[PDB]
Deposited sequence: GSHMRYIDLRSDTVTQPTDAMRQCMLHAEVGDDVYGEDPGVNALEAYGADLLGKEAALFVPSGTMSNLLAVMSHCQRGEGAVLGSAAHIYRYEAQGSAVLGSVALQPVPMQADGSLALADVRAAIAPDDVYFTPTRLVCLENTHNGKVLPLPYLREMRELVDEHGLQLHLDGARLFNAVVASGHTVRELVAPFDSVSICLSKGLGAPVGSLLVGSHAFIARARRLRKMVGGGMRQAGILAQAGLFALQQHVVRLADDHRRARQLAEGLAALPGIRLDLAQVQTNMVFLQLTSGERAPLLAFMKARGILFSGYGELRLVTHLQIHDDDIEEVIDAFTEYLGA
């Protein structure tokens, strides 16, 4: 028995979810003949109020396809320096996609300073290959992107005729925490990546959502990168289950994280950045070893709660920290 607070990616499929997977109807998705994948994508597109959706094996591929579908060779994509697309995806957009990544300083709430983005945007000129895309992240390290800011960024992106992509790997965490609908949070975006394999608890994959044309380009690029699966409907049906059954209960992950951060408050902790299911802490190797020895797992120290974290688990790791001091 381990208390795994390393990430919400360690979520296991519930028995009800496994049961759903057992009876999932499948087909060849390359021929577009998997009813499970078709259902998830149809449901996903409508849920976010967009035209089309595309199922992919990972959030990394979801973003990778997103940037390559917005930007061609040499074209620019502006994003945060602390964004996952920049920091934790091996710069695949540049290395594989020949896209010019244009990092700008990222703020606490995950916002990019309008002045920084505007200064970063390169025009379509004689010697300048134009910026084409701006990327945002919601949530960003468990923090919710403020909606008034989002509207302003949409305005800036429109001013230069650019596109707007959302890394919403933990979008529904922002939905539940802020109290705004998913429609309201993705309305200013042209494209959205949502991960099904974190808090939502599905075992594999993410969904890329956007316009028909955008998704059409992403689907062709998905084949090239190796994302074109066959009978993925079993996976897709699990992802569909997650969206229908595992969104509301995310509030508990937020509560236990809030309850965890409060208890841990020799530990420096800012409760203002505990807005969803993450707790960031600062005082390292002896601590991790100590915790490891007590069946407690995490990785600035980051603690993430999920559906396989329970009330007693929280109290055990609060005890463990107290004991450590």
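inquiry  = Comparing the deposited sequence against the modelled residues, what ranges come up empty for C-alpha?
reply    = Unobserved in coordinates, per deposited numbering: 1 to 4, 270 to 272, 291 to 294, 311 to 313, 340 to 341.
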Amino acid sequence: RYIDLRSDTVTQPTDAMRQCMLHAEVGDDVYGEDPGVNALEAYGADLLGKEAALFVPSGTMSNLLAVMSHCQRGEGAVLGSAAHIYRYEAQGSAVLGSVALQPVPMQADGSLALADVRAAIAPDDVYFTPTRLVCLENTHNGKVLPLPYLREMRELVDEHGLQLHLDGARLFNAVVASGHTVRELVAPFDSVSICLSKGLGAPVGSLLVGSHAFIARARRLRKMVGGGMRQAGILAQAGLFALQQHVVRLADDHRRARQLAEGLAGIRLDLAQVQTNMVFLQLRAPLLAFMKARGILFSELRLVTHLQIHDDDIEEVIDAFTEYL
From here on, numbers count along this sequence of modelled residues.
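task = Give the stretch, out of 147 to 155 and 190 to 198, with the larger mean C-alpha temperature factor in the deposited entry.
result = Per the PDB record, 147 to 155.
message = Per the record, averaged over C-alpha atoms, which has the higher B-factor: 273 to 281 or 36 to 44?
response = Mean C-alpha B-factor is greater for 273 to 281.
request  = Among the candidates 53, 65, 289, 26, give the one with the maximum CA B-factor reported in the record.
outcome  = Comparing C-alpha B-factors across 53, 65, 289, 26, the maximum falls on 289.
ask   = Relative to the other modelled residues in the chain, which third contains the C-alpha temperature factor of residue 174: lowest, middle or highest?
value = For residue 174, the deposited C-alpha B-factor lands in the highest third.
request  = Would you mind checking where the Cα B-factor of residue 106 ranks among the modelled residues of its chain, as the lowest, middle or highest third?
outcome  = CA B-factor rank for residue 106: highest third.
inquiry  = Using the temperature factors of the C-alpha atoms in this entry, rank residue 253 within its chain: lowest, middle or highest third.
reply    = Middle third - that is where residue 253 ends up once the chain's C-alpha B-factors are sorted.
query = Among the chain's modelled residues, which third holds the C-alpha B-factor of residue 123?
reply = It falls in the top third of the chain.
message = Split into thirds by Cα B-factor across the chain's modelled residues, where does residue 93 land: lowest, middle or highest?
response = As the PDB entry reports it, the C-alpha B-factor of residue 93 lands in the lowest third of its chain.
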